[PDB]
Structure formats: C-alpha cells, structure tokens
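Enquirer: Below you'll find the structure I mean.
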Amino acid sequence: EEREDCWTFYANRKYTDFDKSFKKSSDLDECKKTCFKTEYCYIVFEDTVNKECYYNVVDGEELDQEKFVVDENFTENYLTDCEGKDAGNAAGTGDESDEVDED
C-alpha cells in the first residue's frame, strides 16, 4: 500500500553480521509489507550496489547506527519514531552518503 512504514536513514553501515535474519526480495511494497507483517517492523538493510532490499524480520532494535561500522555497499535505514501509518512515506533509503553519483 502507499502508506508505508517510515524508515529513517542514518548512514551506510554494517556491524559486519547478518545473524538478525533478513530476507531479500526487492520490492519496495514487499519490504513494507514484510515490515508491517512481523512484530518488530523496523530494520531494513539495502544493498547499495545491487540495489537490493533486505528486511529485518527479527528484533534488532538494538542495532544502533553508531556502534555499527561502515559497510560501503550497504545502506542502513531503520523505522525511527513512526510505529503507525497515517501518512507514510519516507524516501531516504540509501539516500544519505553520496560517493560516486547519488551513491
């Protein structure tokens, strides 16, 4: 749906581990839908190069951007202070940190 969960972008990051269990299919819609689906609805990891979407389907509320280190080929965006829809749109996924072009 056009009312998404709003993912707040902070930085290109990874703490170099994907144990939190993510699934990758890149459909913006699919990702929202997956987010809305679990409990957690909150962390999403995107592959900057492949333009892919991994959605965190488990509790990783403790995944903090600032304890996270930079994985250059990934963009990290997490639902920050939304927990509802109403007007849900947030185009910031891989938007911050321009290296080559817009990435």
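Convention: chains lettered A, B, ... in structure tokens order; per-chain residue numbering from 1; ligands numbered from 1 as shown.
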If we count only C-alpha atoms and set the cut-off at 6 Å, which residues sit around stretch 69-84 of chain A, ignoring sequence neighbours fewer than 4 positions away in its own chain? Please answer as a list in words.
Expert: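 Once the nearby chain positions are removed, what remains is residues 6, 7, 8, 9, 12, 13, 14, 15, 42, 43, 44, 45, 46, 47, 48, 49, 93 and 94 of chain A.
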Enquirer: Now that the selection is made, can you save its residues with N, CA, C and O atoms as a PDB file, in the first residue's frame?
Expert:
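Done, and the output landed in out_25.pdb:
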```pdb
ATOM      1  N   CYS A   6       7.732   4.306   7.824  1.00  0.00           N
ATOM      2  CA  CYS A   6       8.749   5.289   7.513  1.00  0.00           C
ATOM      3  C   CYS A   6      10.102   4.947   8.078  1.00  0.00           C
ATOM      4  O   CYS A   6      10.325   4.984   9.289  1.00  0.00           O
ATOM      5  N   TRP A   7      11.021   4.659   7.204  1.00  0.00           N
ATOM      6  CA  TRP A   7      12.313   4.227   7.625  1.00  0.00           C
ATOM      7  C   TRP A   7      13.198   5.436   7.650  1.00  0.00           C
ATOM      8  O   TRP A   7      13.216   6.219   6.703  1.00  0.00           O
ATOM      9  N   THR A   8      13.907   5.587   8.708  1.00  0.00           N
ATOM     10  CA  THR A   8      14.713   6.730   8.918  1.00  0.00           C
ATOM     11  C   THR A   8      16.152   6.337   8.647  1.00  0.00           C
ATOM     12  O   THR A   8      16.642   5.322   9.167  1.00  0.00           O
ATOM     13  N   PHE A   9      16.801   7.086   7.808  1.00  0.00           N
ATOM     14  CA  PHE A   9      18.123   6.757   7.393  1.00  0.00           C
ATOM     15  C   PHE A   9      19.126   7.491   8.231  1.00  0.00           C
ATOM     16  O   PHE A   9      18.912   8.654   8.587  1.00  0.00           O
ATOM     17  N   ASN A  12      25.522   4.779   5.933  1.00  0.00           N
ATOM     18  CA  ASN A  12      25.832   3.489   5.339  1.00  0.00           C
ATOM     19  C   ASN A  12      26.595   2.762   6.406  1.00  0.00           C
ATOM     20  O   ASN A  12      27.590   3.261   6.914  1.00  0.00           O
ATOM     21  N   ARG A  13      26.120   1.621   6.786  1.00  0.00           N
ATOM     22  CA  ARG A  13      26.633   0.933   7.950  1.00  0.00           C
ATOM     23  C   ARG A  13      26.482  -0.549   7.788  1.00  0.00           C
ATOM     24  O   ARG A  13      25.742  -0.984   6.924  1.00  0.00           O
ATOM     25  N   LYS A  14      27.297  -1.277   8.528  1.00  0.00           N
ATOM     26  CA  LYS A  14      27.132  -2.693   8.914  1.00  0.00           C
ATOM     27  C   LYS A  14      28.064  -3.010  10.060  1.00  0.00           C
ATOM     28  O   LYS A  14      29.181  -2.555  10.091  1.00  0.00           O
ATOM     29  N   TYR A  15      27.620  -3.813  10.975  1.00  0.00           N
ATOM     30  CA  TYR A  15      28.465  -4.268  12.077  1.00  0.00           C
ATOM     31  C   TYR A  15      29.069  -5.628  11.668  1.00  0.00           C
ATOM     32  O   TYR A  15      29.542  -6.423  12.468  1.00  0.00           O
ATOM     33  N   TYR A  42      10.898  -2.897  11.758  1.00  0.00           N
ATOM     34  CA  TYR A  42      11.815  -1.766  11.970  1.00  0.00           C
ATOM     35  C   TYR A  42      13.138  -1.714  11.217  1.00  0.00           C
ATOM     36  O   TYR A  42      13.550  -0.621  10.862  1.00  0.00           O
ATOM     37  N   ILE A  43      13.837  -2.809  10.946  1.00  0.00           N
ATOM     38  CA  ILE A  43      15.164  -2.566  10.373  1.00  0.00           C
ATOM     39  C   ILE A  43      15.185  -3.048   8.950  1.00  0.00           C
ATOM     40  O   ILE A  43      14.596  -4.072   8.646  1.00  0.00           O
ATOM     41  N   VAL A  44      15.788  -2.298   8.071  1.00  0.00           N
ATOM     42  CA  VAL A  44      15.910  -2.705   6.700  1.00  0.00           C
ATOM     43  C   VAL A  44      17.334  -2.408   6.222  1.00  0.00           C
ATOM     44  O   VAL A  44      17.894  -1.334   6.496  1.00  0.00           O
ATOM     45  N   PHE A  45      17.923  -3.354   5.554  1.00  0.00           N
ATOM     46  CA  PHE A  45      19.255  -3.219   5.029  1.00  0.00           C
ATOM     47  C   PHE A  45      19.175  -3.271   3.533  1.00  0.00           C
ATOM     48  O   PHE A  45      18.532  -4.133   2.986  1.00  0.00           O
ATOM     49  N   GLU A  46      19.804  -2.374   2.869  1.00  0.00           N
ATOM     50  CA  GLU A  46      19.733  -2.370   1.434  1.00  0.00           C
ATOM     51  C   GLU A  46      21.095  -2.532   0.877  1.00  0.00           C
ATOM     52  O   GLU A  46      22.060  -2.034   1.456  1.00  0.00           O
ATOM     53  N   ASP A  47      21.176  -3.185  -0.232  1.00  0.00           N
ATOM     54  CA  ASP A  47      22.426  -3.351  -0.929  1.00  0.00           C
ATOM     55  C   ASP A  47      22.519  -2.184  -1.873  1.00  0.00           C
ATOM     56  O   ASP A  47      21.663  -2.030  -2.728  1.00  0.00           O
ATOM     57  N   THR A  48      23.503  -1.366  -1.711  1.00  0.00           N
ATOM     58  CA  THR A  48      23.620  -0.153  -2.480  1.00  0.00           C
ATOM     59  C   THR A  48      24.005  -0.442  -3.940  1.00  0.00           C
ATOM     60  O   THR A  48      23.529   0.222  -4.860  1.00  0.00           O
ATOM     61  N   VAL A  49      24.817  -1.456  -4.142  1.00  0.00           N
ATOM     62  CA  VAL A  49      25.352  -1.749  -5.459  1.00  0.00           C
ATOM     63  C   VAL A  49      24.345  -2.501  -6.284  1.00  0.00           C
ATOM     64  O   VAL A  49      24.061  -2.158  -7.428  1.00  0.00           O
ATOM     65  N   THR A  93      16.019   5.782   1.860  1.00  0.00           N
ATOM     66  CA  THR A  93      16.731   4.538   1.848  1.00  0.00           C
ATOM     67  C   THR A  93      17.923   4.617   0.877  1.00  0.00           C
ATOM     68  O   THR A  93      17.731   4.775  -0.339  1.00  0.00           O
ATOM     69  N   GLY A  94      19.167   4.529   1.414  1.00  0.00           N
ATOM     70  CA  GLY A  94      20.327   4.760   0.586  1.00  0.00           C
ATOM     71  C   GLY A  94      20.407   6.160   0.006  1.00  0.00           C
ATOM     72  O   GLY A  94      21.072   6.367  -0.991  1.00  0.00           O
TER      73      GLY A  94
END
```
Enquirer: Check the DSSP output for the backbone and give back, as a PyMOL selection string, the residues of chain A in alpha helix (DSSP H).
Expert: chain A and resi 28-37
Enquirer: Would you export the selected residues with N, CA and C atoms as a compact mmCIF listing (two decimals), in the first residue's frame, please?
Expert:
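Writing done, so here's part-v1.txt:
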```txt
# COMPACT_ATOMS: atom_id res chain seq x y z
N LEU A 28 9.75 -2.57 -3.14
CA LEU A 28 9.56 -1.59 -2.08
C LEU A 28 8.32 -1.95 -1.28
N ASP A 29 7.26 -2.27 -2.01
CA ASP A 29 5.99 -2.69 -1.44
C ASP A 29 6.16 -3.92 -0.58
N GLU A 30 6.89 -4.91 -1.12
CA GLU A 30 7.09 -6.19 -0.41
C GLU A 30 7.80 -5.97 0.88
N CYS A 31 8.77 -5.12 0.85
CA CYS A 31 9.54 -4.82 2.04
C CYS A 31 8.67 -4.18 3.12
N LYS A 32 7.80 -3.23 2.73
CA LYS A 32 6.90 -2.57 3.71
C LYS A 32 6.01 -3.56 4.29
N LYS A 33 5.47 -4.35 3.40
CA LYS A 33 4.52 -5.31 3.75
C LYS A 33 5.13 -6.31 4.73
N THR A 34 6.37 -6.74 4.45
CA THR A 34 7.05 -7.63 5.33
C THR A 34 7.27 -6.98 6.67
N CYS A 35 7.66 -5.70 6.64
CA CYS A 35 7.89 -4.97 7.88
C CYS A 35 6.63 -4.94 8.69
N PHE A 36 5.51 -4.59 8.05
CA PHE A 36 4.24 -4.47 8.75
C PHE A 36 3.87 -5.82 9.27
N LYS A 37 4.19 -6.85 8.51
CA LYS A 37 3.90 -8.18 8.92
C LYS A 37 4.50 -8.63 10.25
```
Enquirer: Write down as a list in words the residues belonging to chain A that are assigned strand (DSSP E or B) by DSSP computed on the backbone.
Expert: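 For chain A, the strand (DSSP E or B) set is residues 7, 8, 9, 10, 11, 14, 22, 23, 24, 43, 44, 45, 46, 47, 52, 53, 54, 55, 56, 69, 74, 75, 76, 77, 78 and 79 of chain A.
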Enquirer: Within 7 Å of residue A:22, counting only C-alpha atoms, which residues show up once you throw out same-chain ones fewer than 3 positions away? Write them as a list in words, please.
Expert: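 Selected residues are residues 54, 55, 56 and 57 of chain A.
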Enquirer: Atom CA of residue A:89 and atom CA of residue A:4, how far apart in Å?
Expert: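 According to the coordinates, atom CA of residue A:4 and atom CA of residue A:89 are separated by 5.5 Å.
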Enquirer: Figure out the distance between atom CA of residue A:11 and atom CA of residue A:101, please, to one decimal in Å.
Expert: 16.1 Å
Enquirer: By how many Å are atom CA of residue A:18 and atom CA of residue A:68 apart?
Expert: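 Taking atom CA of residue A:18 and atom CA of residue A:68, their separation equals 12.1 Å.
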Enquirer: Neighbouring residues of residue A:58 were defined as those with any atom within 8 Å, considering only C-alpha atoms; residues of the same chain fewer than 5 positions away were excluded. Please report them as a PDB file with N, CA, C and O atoms, in the first residue's frame.
Expert:
```pdb
ATOM      1  N   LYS A  20      20.766 -11.392  12.445  1.00  0.00           N
ATOM      2  CA  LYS A  20      19.415 -10.931  12.822  1.00  0.00           C
ATOM      3  C   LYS A  20      18.294 -11.471  11.926  1.00  0.00           C
ATOM      4  O   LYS A  20      17.146 -11.229  12.205  1.00  0.00           O
ATOM      5  N   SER A  21      18.662 -12.185  10.855  1.00  0.00           N
ATOM      6  CA  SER A  21      17.725 -12.865   9.964  1.00  0.00           C
ATOM      7  C   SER A  21      16.912 -11.912   9.102  1.00  0.00           C
ATOM      8  O   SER A  21      15.949 -11.242   9.553  1.00  0.00           O
ATOM      9  N   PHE A  22      17.321 -11.827   7.865  1.00  0.00           N
ATOM     10  CA  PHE A  22      16.742 -10.912   6.929  1.00  0.00           C
ATOM     11  C   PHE A  22      16.374 -11.672   5.709  1.00  0.00           C
ATOM     12  O   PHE A  22      16.976 -12.714   5.419  1.00  0.00           O
ATOM     13  N   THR A  38       5.858  -8.490  10.534  1.00  0.00           N
ATOM     14  CA  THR A  38       6.256  -9.229  11.730  1.00  0.00           C
ATOM     15  C   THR A  38       5.770  -8.590  13.085  1.00  0.00           C
ATOM     16  O   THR A  38       4.748  -7.910  13.130  1.00  0.00           O
ATOM     17  N   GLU A  39       6.524  -8.734  14.176  1.00  0.00           N
ATOM     18  CA  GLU A  39       6.348  -7.901  15.344  1.00  0.00           C
ATOM     19  C   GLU A  39       6.948  -6.585  15.188  1.00  0.00           C
ATOM     20  O   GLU A  39       6.343  -5.532  15.250  1.00  0.00           O
ATOM     21  N   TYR A  40       8.199  -6.757  14.903  1.00  0.00           N
ATOM     22  CA  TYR A  40       9.225  -5.803  15.057  1.00  0.00           C
ATOM     23  C   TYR A  40       9.078  -4.644  14.181  1.00  0.00           C
ATOM     24  O   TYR A  40       9.284  -3.547  14.647  1.00  0.00           O
TER      25      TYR A  40
END
```
Enquirer: Looking at A:63, A:53, A:100, A:87, which one is nearest to residue A:26, with distances taken over only C-alpha atoms?
Expert: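 Ranked by minimum distance to residue A:26, first place goes to A:53.
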